[PDB]
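See structure below.
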Ligand SMILES: NC(=O)CC[C@H](N)C(=O)O
Ligand SMILES: NC(=O)CC[C@H](N)C(=O)O
Ligand SMILES: NC(=O)CC[C@H](N)C(=O)O
């Protein structure tokens, strides 16, 4: 009857949380067998192994996906700078996403989820190391290794000269590779119709790897349950992690509720001079079903069906920015990246490092225009920024473990983002 | 007269055995000058050098050839799962090639050619190291280096903890790269007509490198004679190597004669319930000329000219599987890879290592559908598996030195393979 | 009036010498503040840093530009071996460029500019190391690292055995990569119309990177002034460098005047048996304006407007070789590469090493057919050979600092090259 309708539509996002609550069970079973009742680090890695094989070939495809889905994207941008009264919305989308992700980290590293009872050093003139990494030395070595400065001593006229020498270290720099792929993407657009084939090569190449990143997602529930099992063994506690998680769902949703209800409505009232609470009261029902379906793509047509008569928006802007803002202005993911990538930074206690805090915030504004629409789409697109800023990505497991609630909490602020942007632009254009 | 006909048609396979019997001559000449009558390892490498330059740029082209001849191959496979009574032949071709290569190694490492008078250690849970190498971490580092586990000691609560740490070591993993290229090859087929260009890119790219691997083969006779000369110098013996070779031609041909005359005719009689010796007695003459021309491509049309009336095969299956089985069901090469790559393993005494024995047997079943048709075509395609399972490939020289007999011995079992498969399928379809 | 005409046409080659004379000014300002009045090597590198960022992403684009502008070049060569009386001009262009670059180094390392008051070791059987580097082991490791032999000791029957072992060291080998790209370029031409797309891919790919190497050149004047400032600090002298430069402009222009006035006119009189000084006296005015505009592309149409009636050249060869020789026979750059890359070799005192002196001379004959037409075009194309023969490329700064005179001195010998080749071919064809 309806056991074929709902169960087969969102099977995978259902099955991926079936996996982790069963993955923790045999994780509890071996800690019910008790710690390393199985043999030590030479044999236990063989039983955490097919959890690595989700994570290992996940890093394989992000070399095509981050560089070939982005050239074909950035070649089809700027359609003649299409809106004199349209590009201000695109500038609105960027500043409401920076300000989204500004309090993203700025709440979490102020609130410290992860380092509660947990309780070499790098100079902040490693900003040039970030800039030397943006523009890579050559491309083929930039697909697997990246630049980094280590300090050695000279011991000449002073026992501590502390000279920075730069040795290229492993792990790719997709942070320094999407900057190539953007600046290659404008290049072959500017060249024009003679090099159209290179677009038609590349934007078919990502759909040749988006079609196999679907195949990786079907491996994920078998894969996830072996890196949540082999993640609670070496931690040995279960009461500890549900306080590790149990503060993280707080700072996400509080990070949404602070953002969603106040700070973009303050952006509303500073330009609209009307009531945002009279504004969104008409559009509660798409924001109701966006929490239900967890898809701004699915609630895309229902927005114009409601906001056009429940609020006085124009005709042509209902289809002009709101199809854009459903897959471009994604403030909901931009919190969810920005508060997770600093959360995993507090799991392993990497570094405070303000130079990383901007590049954990620029990329989180750049994956925010990335994955979209489908539920649990941000899990892939924050898996590329955890490889960008060299975090240990293997802690993705516990933070898509609770994705079933938090992505539904971010989908509603996602769909809210262009909606208030729609009402803000109509008062800028009808006022004339 | 006929000095232009025969001599110019198979010139290269003639000239490559002219080269090695002349290459051993000045190899005997410097050992007739006596050992290192020339200067030592700093000067003798300069005179073995243009033998390395066959072998060095041989490894260059196997990065395009193994990954671009295989996507364009695997995109044109499964034409709608073309045969309800046809795909059983393709399943027949695989199981008669595994069972071919099963006794491939299983004869040779039971018979030990190479380690007769010759007379760190790795754990057999390096199977995960093989599986961690199948699915690579990223593609660009998978074109030149591969994963491997080394054991270091921890010396904490036990002086021998033996922790496996994994450092990526040099030498590419085409074993882990053709698995990408297959699973990319099904990807852009499944995507359909929108990404047809990526096929039309790639299957023109291999013909842009198959046309220069012809040019490498013309360098080979100049090249071979300087790595058979500089291979018998450091071994210093000539009576030793002709016992090294003189057992290898045995186990190949015995490996064919055990396979060809008994074990697939036992596959015949278990399904046909007729006489295979009454079967192949009609088709001795193509099997006669297949030994002569050493080309299943050349003896491809002569098979239907004989087997269709000398035996009661059907009309449509004479052109349905037998054109397939001439370049797909190649059991003759699949012995010849599988008994050489363990033979070279016994020259350098690498390792017994059952984990390698399956991946010396999976790939030998995968290059068996690879190179075809032309004589001495398996020499290239076993040069890619000697780089797969990290054998020293420079001992290819002495085993194409005697290729002139053994490939003619494997061509006849090659052409035999689909022929008995043709007779087996007709008794499965005419019986109805 | 004319402040918009001249100033906006050659702005960049004006602005790049504005930059260096202002870049030396604050370079003099910090040495007017006196040496390391700023903090030491941990802080001064942060203020030489945006000079590195010209040089760093300069090395980025020379992986596409040297391999994708060269396949699309070498696929469109040999149009049916187009001239029975035309290819002798192309053979003339090569031998007048070797003989140009023969005295290129051969003047400079005989005259020693750079090592005047400046006042491990590698064996000359590192020629095989050059040949082992021409033909690379695999392509993807040839885009960032290259082969090199180091000698270790064996200490067995002699305390100094000096065995050469070969470890691959950093820095790419575009010397060994353009040899692939040529021999790939003939491959897909020979394959014909079926692989036309790979040409149409690649010759659109360089115009997708020639269009961003324009964007690098606009960064260059901001970029240059921070690596001439941070180059005179560690040298601390200003009177020293203007003797370092002040001999270099000598050996260039003397290298042109020896070449231009005598040695190709001796090639003239050995075949023409007429007066070259009666020859070029008619064409002083294009050679006048070639010094002025510093562009053989701009003085391309003015050559046929003068040399066709001021000298008795034919009709059809005026448009047959002289459009070729304006962008192929470039002897002016071939001095300017060949005397700079040995000049920078005498700045850092790298090595005398006759094996390098031919590969500093083969590539300088190969970039001579490279960049063209525009003034200061050789600065890019000698930046790729300084990465070829592993020179420190960061001394490009002081030798485009004085490019404004020397390229105008080489443009006139550039345009002279095919002009005398035009007069030489007409006396070979009208004589019949
Ligand atoms: N990561 C997310 O959940 C993004 C928000 C919403 N689900 C979307 O796909 O647009
Ligand atoms: N390597 C081989 O000789 C293969 C068998 C046969 N010569 C063929 O080309 O099909
Ligand atoms: N590097 C150079 O100046 C080359 C000579 C001349 N300017 C040209 O572009 O052809």
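Chains as they are written, first to last, in the deposited numbering: chain C, 43 to 161, 177 to 489; chain B, 43 to 161, 177 to 489; chain A, 43 to 161, 177 to 489. No residue lacks a Cβ here, since even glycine has one placed at the ideal position from N, Cα and C.
- Listed along chain B, no residue sits closer than 8 Å to residue 448/C by beta-carbon distance, the nearest being about 16 Å off.
- Counting only runs that start and end inside the segment 62-119 of chain C, the alpha helix (DSSP H) elements of at least 4 residues fall at 91-117.
- CA-to-CA, the gap between residue 296/C and residue 365/C works out to about 49 Å.
- Taking C-alpha positions only, residue 429/B is separated from residue 111/C by approximately 38 Å.
- Contact between the segment 452-468 of chain A and the segment 412-429 of chain A is absent: fewer than three C-beta pairs spanning the two stretches fall below 8 Å.
- No Cβ of chain A is located within less than 8 Å of the beta carbon of residue 469/C.
- Residue 138/A and residue 399/A have their C-alpha atoms spaced approximately 20 Å apart.
- Residue-level contact by beta carbon fails for residue 133/B and chain A, as no gap is shorter than 8 Å.
- Counting the other CB atoms within 10 Å of its CB gives residue 209/A a total below 16, which places it among the exposed residues.
- Taking a beta-carbon distance threshold of 8 Å, residue 83/C counts as an interface residue toward chain B.
- According to DSSP, residue 221/A shares a beta bridge with 208/A.
- Per the DSSP secondary-structure output, residue 202/B pairs in a beta bridge with 227/B.
- For the 8 Å CB-CB criterion, residue 395/A and residue 146/A form a contact.
- Under the Cβ criterion of 8 Å, residue 121/B is not counted among the residues facing chain C.
- A straight line joining the alpha-carbon of residue 485/B with that of residue 131/B spans about 11 Å.
- The Cβ atoms of residue 78/B and residue 89/B do not sit closer than 8 Å to each other.
- Taking a C-beta cut-off of 8 Å against chain A, the contacting residues of the segment 181-195 of chain C are 182, 185, 188, 189, 192, 193, 194 and 195, listed in chain order.
- For residue 465/B, the CB contacts under 7 Å within the same chain, skipping 5 residues up- and downstream, are 348 and 351 in chain order.
- Contact of residue 251/A with chain B by beta-carbon distance below 8 Å involves 261 and 264.
- Chain-ordered, the chain B residues with CB closer than 7 Å to the CB of residue 268/C read 244, 247 and 248.
- Not a single C-beta of chain A is nearer than 8 Å to the C-beta of residue 360/B.
- Counting C-beta atoms within 10 angstroms of its own C-beta, residue 101/C has 16 or more neighbours from the protein chains shown and is therefore classed as buried.
- Between ligand 1 and the CB of residue 387/C, the shortest heavy atom gap is smaller than 7 Å.
- Residue 471/A has its CB nearer than 7 Å to a heavy atom of ligand 3.
- Annotated three-state conformation of residue 459/C is coil, per DSSP.
- Taken through DSSP and simplified to helix, strand or coil, residue 294/B comes out as coil.
- Close to chain A, meaning a Cβ-Cβ distance shorter than 9 Å, are the following residues of the segment 217-233 of chain C: 218, 219, 220, 221 and 225.
- Within the chosen limit of 7 Å, ligand 1 reaches the beta carbon of residue 434/C through at least one heavy atom.
- Taking a beta-carbon distance threshold of 8 Å, residue 254/B counts as an interface residue toward chain C.
- Chain-ordered, the chain B residues with CB closer than 9 Å to the CB of residue 240/A read 269 and 272.
- Counted as a single uninterrupted DSSP element, the alpha helix (DSSP H) harbouring residue 261/A occupies residues 253-262.
- Residue state for residue 179/A is assigned as coil, using DSSP reduced to three classes.
- Sequence-distant Cβ neighbours of residue 259/C in its own chain, meaning closer than 7 Å and more than five residues away, are 110, 113 and 114.
- Remark: C-beta atoms of residue 463/A and residue 232/A do not approach each other more closely than 8 Å.
- Residue 193/B sits in coil when the DSSP states are folded into three classes, being neither helix nor strand.
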